[PDB]
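Asks: Give me a model of this one.
(one chain, ligands or ions: 1)
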Amino acid sequence: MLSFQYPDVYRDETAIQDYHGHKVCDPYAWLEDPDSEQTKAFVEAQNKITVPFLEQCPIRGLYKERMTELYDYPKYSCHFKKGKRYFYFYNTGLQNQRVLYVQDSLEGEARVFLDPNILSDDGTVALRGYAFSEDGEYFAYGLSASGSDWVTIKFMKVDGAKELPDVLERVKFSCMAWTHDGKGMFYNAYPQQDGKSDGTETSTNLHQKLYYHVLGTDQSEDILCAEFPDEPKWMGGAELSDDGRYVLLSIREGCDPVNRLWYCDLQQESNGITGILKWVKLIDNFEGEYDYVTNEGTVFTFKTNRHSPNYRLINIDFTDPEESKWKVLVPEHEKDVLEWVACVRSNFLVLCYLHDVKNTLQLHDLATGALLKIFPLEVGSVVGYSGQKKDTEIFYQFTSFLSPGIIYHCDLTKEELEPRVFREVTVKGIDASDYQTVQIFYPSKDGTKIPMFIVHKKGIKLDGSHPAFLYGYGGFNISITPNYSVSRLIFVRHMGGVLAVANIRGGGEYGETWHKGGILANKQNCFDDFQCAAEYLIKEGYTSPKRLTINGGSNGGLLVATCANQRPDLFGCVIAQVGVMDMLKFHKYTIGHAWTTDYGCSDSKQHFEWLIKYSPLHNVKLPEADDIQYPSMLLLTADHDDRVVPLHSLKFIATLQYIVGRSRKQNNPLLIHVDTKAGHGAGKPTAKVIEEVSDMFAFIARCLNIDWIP
Ligand SMILES: *C(=N)[C@@H]1CCCN1C(=O)[C@@H]1CCCN1C(=O)CCCc1ccccc1
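Replies: Numbering: from 1, shown residues only. For reference, the structure is listed below:
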């Protein structure tokens, strides 16, 4: 099949680094520089063979057409109320960016409030974060260009939707928190740095600061409120307590679910916000997470993992703050993860649990923690919620594998709490009842039972004959829960595919013990789990190695690239999106230093020994057996991915093409596509989202020779 030749790519054989006595060659180190003519020529040469490979088979156009048609349905988010007005996001179906609407009442005529689509032709300027003032009369919103994590914060007066002059630059990984006096807003910014700050640079992000911006002034007048010059990795995010009296500062270092918690009683400020605040260091270590729910006077309710891997609710009274004095308000469940908690209608708590990777939602009494009400749900996920302390109603959104889902509304002023369907839209073309979702638990190599969701047409024979698409992540305490995907359902209905999602270790599905079972020394458990999932699918007759595709993104990109090196015989096709591929150097770039809490760092001899064993970049190797080759591989990245710098994929693909691509037994393609005006994925315009899934499933169809099923 292979009609093209791989590009010439220079190998710098002098690029040799010593890691604790282990010599490491890095002959594509030069691809780390995004601005060189050499790297630009590399990207161009690579896209030049990938694109015509992707678009040769009629199948791309059929998939694209079907994706365009089926994805074109109305998409609503959760209403939420702010001051006198209700807001929601809505996309008519195929707008690049969803639009923010406003109404003066739940029944009232809605109008456009913020439409990002007018800010660019190609929809590559996207909303990233926002915060209303406490009275709902002012509005701050972050804009990101071309997919970058970099943000510019702008402001509007809600009444009349008037643009204000205030502009905040150098915002990244930022809180947005207005003081209740409506005077201004906390946010984070990074000091100036040499070179570019647009998403194409690789420079490490250090010394994040906390500022306060007084509305109606220039950024240069902003007050510095917290900084950690002795700890360049610390990140301090601010929020105001529900009563406006306290600034709560959550300090993070890395990606672990832990934080310091300092507070500032604003009323104790000598003269308002004029400099570094009088922080009281309530929790001054990184031993646990303390996520503010609400407070009453000095009694502060937090969701925590302190002594509770599945999370619980505690009350810490600032006037009596020793741990031995804390009250357990809602104790830890023996198995179920308490995902998030909100306070609504003064004295209700809304708790969301994860029970075997499905959400439940319950109402509890603030005073006692006692359960008052269960909101019934089908099997799936809660993905949107609104209802704050002063609100007297909630909205929440249910989604699953087979339906776009339902937005519920509940008037909490009623004696009987009847949640009612607020929005529900059907996707005609996909009849949910032709398909089934099953959950099974398969043993991993050490015997640990791993959950897996399988979605497939009803009535199929388990004869190994179906193409399968297996998804995984396995990291960072992230739970992979049911979500609605038109793109994956087209693979099912129109490509005859079986979809599967493996809840491997590293995620949050079973609390912190599940997270710890897939990080640091034990990162190999993630790859073992995911390999064992593929083997389950094969052994039970859902698919066969030659028809199996694996997919994951970012940390999941690492997952699938590692599995390709480790078990090339198990997979027919591998699509790795925005993957971390150089595990020896990831910490050097942008925000990579934050991931060491899951991965370790190559500066440590112990950690190096874990990393070198699975680093995708450092484990590309011809399979020993003559009858075994590497799967077809597609790496997807983009030139403004400042989350996972695209050098990871560039170096990885250069290595694959040289070590494996040049062998005579390698007939499967090893390709990269680097998109432009795009980044990690957040805020990607519909047009690109459609191009992307069309590329992926066309790659799959062509490598596995799957006919379209009309
Ligand atoms: C992808 N999956 C990429 C590469 C590995 C980790 N990662 C992430 O995006 C990572 C997973 C959870 C969030 N995250 C970040 O890198 C967030 C960056 C900002 C941040 C915020 C709070 C604390 C530390 C860092």
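Asks: Domains in the protein, by residue range?
Replies: In terms of domains, the chain is parsed into 1-73+427-710, 74-426 (source: curated CATH domains).
Asks: does any part of the longest one sit near the ligand?
Replies: Yes. Under the criterion of C-beta under 6 Å from any ligand atom, domain 1-73+427-710 makes contact with the ligand via 476, 554-555, 580, 591, 594-595, 643-644. Backbone N, C-alpha and C define where each C-beta goes, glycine included.
Asks: Tell me which of those fall in helices.
Replies: Here DSSP state H is the test, and the residues of domain 1-73+427-710 next to the ligand give residue 555 as lying in helices.
Asks: and the domains of the chain, which is most packed in?
Replies: domain 1-73+427-710 (a mean of 20; mean count of other C-beta atoms under 10 Å).
Asks: Just the endpoints, please. Distance across that domain?
Replies: 25 Å (C-alpha to C-alpha, to the nearest Å).
Asks: got the residues of the stretch 251-400 of the chain near the ligand?
Replies: Counting by C-beta under 6 Å from any ligand atom, the stretch 251-400 of the chain comes close to the ligand at 252, 254-255.
Asks: Show the residue spans covered by the strands in the stretch 301-450 of the chain.
Replies: With strands called from DSSP state E, counting those that start in this stretch, the stretch 301-450 of the chain shows them at 312-317, 327-330, 337-344, 348-355, 358-365, 371-375, 381-386, 393-399, 406-411, 420-424, 435-443, 449-457.
Asks: where do the helices sit along the protein?
Replies: Assigned by DSSP H, the helices in the chain fall at 37-54, 59-71, 486-495, 511-516, 524-539, 555-566, 596-599, 605-614, 647-656, 686-704.
Asks: Among the ones you listed, single out whichever gets nearest to residue 631.
Replies: With C-beta to C-beta, the closest approach to residue 631 among the helices of the chain belongs to helix 555-566: 5.8 Å.
Asks: what's the residue of the stretch 401-550 of the chain at minimum distance from the ligand in contact with, if anything?
Replies: Scanning the stretch 401-550 of the chain for proximity to the ligand using C-beta to the nearest ligand atom identifies residue 476 as nearest, at 4.2 Å. Contacts of residue 476 were listed using C-beta atoms under 8 Å, 6 or more residues apart in numbering, and they are 255, 506-507, 515, 555, 595, 598.
Asks: can we see that at 7 Å?
Replies: 255, 555, 598 (C-beta atoms under 7 Å, 6 or more residues apart in numbering).
Asks: repeat for residue 189
Replies: Residue 189 sits next to 170-171, 209, 211 when contact means C-beta under 7 Å, 6+ apart.
Asks: What's the separation between it and the ligand?
Replies: Note on residue 189: its distance to the ligand, by C-beta to the nearest ligand atom, to the nearest Å, is 14 Å.
Asks: who's that residue bridged to?
Replies: Beta-bridge pairing for residue 189 (DSSP bridges): residue 209.
Asks: Now the residue in the stretch 501-650 of the chain that the ligand sits nearest to: closest residue in space that isn't a chain neighbour?
Replies: Using C-beta to the nearest ligand atom, residue 554 is the residue of the stretch 501-650 of the chain that sits closest to the ligand, at 2.4 Å. Among residues not flanking residue 554 along the chain, residue 578 sits closest, at 5.2 Å (C-beta to C-beta, 6 or more residues apart in numbering).
Asks: Would you confirm that that neighbour contacts residue 641?
Replies: Yes. In this structure residue 578 lies within contact range of residue 641 using C-beta atoms under 7 Å: 5.6 Å.
Asks: what's the overlap in contacts for the two?
Replies: Listed contacts common to residue 578 and residue 641 are residue 680; contacts here mean C-beta under 7 Å, 6+ apart.
Asks: could you list every residue that touches the residue of the stretch 51-200 of the chain at minimum distance from the ligand?
Replies: The minimum distance from the stretch 51-200 of the chain to the ligand, using C-beta to the nearest ligand atom, falls at residue 173 (4.4 Å). Residues in contact with residue 173 (C-beta under 7 Å, 6+ apart) are 149, 188, 208, 235, 591.
Asks: Make JSON lines out of these and add distance to residue 29.
Replies: Putting the contacts of residue 173 into JSON lines (distance: C-beta to C-beta, whole Å) gives the following:
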{"residue": "149", "distance to residue 29": "24"}
{"residue": "188", "distance to residue 29": "32"}
{"residue": "208", "distance to residue 29": "28"}
{"residue": "235", "distance to residue 29": "29"}
{"residue": "591", "distance to residue 29": "21"}
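Asks: For residue 299, which non-adjacent residue is closest in space?
Replies: Per C-beta to C-beta, 6+ apart, closest to residue 299 is residue 317, 4.9 Å.
Asks: about what we covered before: out of the residues of the stretch 251-400 of the chain next to the ligand, who's nearest the ligand?
Replies: Closest to the ligand out of those is residue 252 (4.0 Å), distances taken as C-beta to the nearest ligand atom.
Asks: Which residues does the closest one form beta bridges with?
Replies: Here residue 252, judged by DSSP bridges, has bridge partners residue 235.
Asks: cool, the one 10 residues further on as well?
Replies: Beta-bridge partners of residue 262, counted by DSSP bridges, are residue 249.
Asks: so how far is the ligand from it?
Replies: In this view, residue 262 and the ligand are 16 Å apart by C-beta to the nearest ligand atom.
Asks: which ones are touching that residue?
Replies: Contacts for residue 262 (C-beta under 7 Å, 6+ apart) come out as 249, 279-282.
Asks: export the residues you listed to CSV and tack on distance to residue 412?
Replies: As requested, these are exported to CSV (distance: C-beta to C-beta, whole Å):
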residue, distance to residue 412
249, 31
279, 35
280, 33
281, 36
282, 31
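Asks: Looking at the residues you listed, which are in strands?
Replies: 249, 280-282 (DSSP state E).
Asks: Just give me the closest of the residues you listed to residue 223.
Replies: The nearest member of those to residue 223, counting by C-beta to C-beta, is residue 249 at 14.5 Å.
Asks: My guess is residue 279 contacts residue 249. True?
Replies: Yes. Counting by C-beta under 7 Å, residue 249 is a contact partner of residue 279 at 6.4 Å.
Asks: hey, what's in contact with both of those two?
Replies: Common contacts of residue 279 and residue 249 (C-beta under 7 Å, 6+ apart): 226, 262.
Asks: before we move on, back to that, of all the contacts of residue 189, which two lie farthest apart?
Replies: The widest separation within the contacts of residue 189 (C-beta to C-beta) is 10.7 Å, between 171 and 209.
Asks: Which residues are in contact with each of the two?
Replies: What both residue 171 and residue 209 touch, as defined by C-beta under 7 Å, 6+ apart, is the set 188-189.
Asks: ok, the residue nearest to residue 554 to residue 673 distance?
Replies: Applying C-beta to C-beta, to the nearest Å, one obtains 11 Å for the distance of residue 578 from residue 673.
Asks: which neighbours do those two share?
Replies: In contact with both residue 578 and residue 673: residue 636, using C-beta under 7 Å, 6+ apart.
Asks: that older thread, could I get the ones in strands among the contacts of residue 262 in CSV, plus columns for distance to residue 132?
Replies: Listed next are those as CSV, based on distance: C-beta to C-beta, whole Å:
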residue, distance to residue 132
249, 21
280, 27
281, 30
282, 27
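Asks: Between the residues you listed, which sits nearest residue 681?
Replies: Taking those together and measuring to residue 681 by C-beta to C-beta, the closest member is residue 249, at 29.3 Å.
Asks: Identify the residues contacting the closest one.
Replies: 226, 236, 238, 262-263, 279.
Asks: Dump those residues into TSV; add distance to residue 626 as well.
Replies: Shown next, in TSV, are the contacts of residue 249 (distance: C-beta to C-beta, whole Å):
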residue	distance to residue 626
226	62
236	57
238	61
262	63
263	66
279	66
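Asks: so which of those residues would you say is closest to the ligand?
Replies: The nearest one, if we look at those relative to the ligand and count by C-beta to the nearest ligand atom, is residue 236, at 10.6 Å.
Asks: so how far is residue 150 from the nearest residue to residue 640 once chain neighbours are set aside?
Replies: Nearest residue to residue 640 in three dimensions, chain neighbours excluded: residue 199, at 3.5 Å (C-beta to C-beta, 6+ apart). Going from residue 199 to residue 150 by C-beta to C-beta gives 6 Å.
Asks: Good, wrapping up.
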